[PDB]
């Protein structure tokens, strides 16, 4: 029912976002496009094929996009997602799903221009390089897109730096382009995603689904959990990306606040920060909004329900 384009950089959590987008009956996945981020474009694209195979996805093109940030030098997060970007999974000899011939930037422009206006929503869960290129190359897509729901940012938290979130800092100028176009933007930041904890009970409910995709998720969630407990301290791992897809499925999974948000491009300490203006006489008629509280039970409900529907292909 809801057509989306999932632009991601398959690392541990992006994989869960793909499973959720596939398994849920409310989402119609038009394409999976990749960008540099968690790992280099090549690795990330190979990972998208791997999970698309595991979940038995067919009829959905997987197109690679930009292999470098717009202006800045490449910066990846291999210390979180392993060298492969997919933690510790072994790849098949051959993938059933092949990388499309078109450049993700062209495919996105193609899909948006060929479909009826306001029917596609973009869901970026990686750096915003491909979305910004597309918006600049064919500005007509900004008024046709239904809305953009991205995982990135943090109005009061950061991870890459004390105040900046990874997806935004790896390409601040692309983020600046996206947040400043007139389309509707929902920022599902760390403020929210730090609530999407994969606790023991949840992992247990997952193990009980007892299917191949489920054993896969259990395996990567395990690796992800080991990293978070050590590296960037938390009792459990936060699985960010699925939260951006969950909001498209059912907006009631989270509360949102409508506030102005811009991107810092020159600060020495604040480079890459999503600056939100919460001072009250609030704007009214503001094209951006941030996510605040997550309905933990409903969120995990949607994931498990998706895992069950995918079954064992």
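Positions refer to the first chain, counted from 1.
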| Which is higher in the entry, the mean Cα B factor of 224-232 or that of 123-131? | 224-232
| remark: Higher of the two mean Cα B-factors (193-201, 180-188; per PDB record) comes from 193-201
| request: Pick out which of 285, 268, 68, 43 has the highest C-alpha B-factor in the PDB entry. | output: 285
| task | Report the option among 149, 109, 218, 175 whose CA atom has the maximum B-factor in the deposited record. | result | 218
| query | Where does residue 33 sit by CA temperature factor within its chain: lowest, middle or highest third? | reply | lowest
| Ranked by Cα temperature factor within the chain, is residue 257 in the lowest third, the middle third or the highest third? | highest
| note | Of the three thirds of the chain ranked by Cα temperature factor, residue 113 occupies the middle
| field | Record-listed C-alpha B factor of residue 161: chain third | value | middle
| query | residue 73's Cα B-factor: lowest, middle or highest third of the chain? | reply | highest
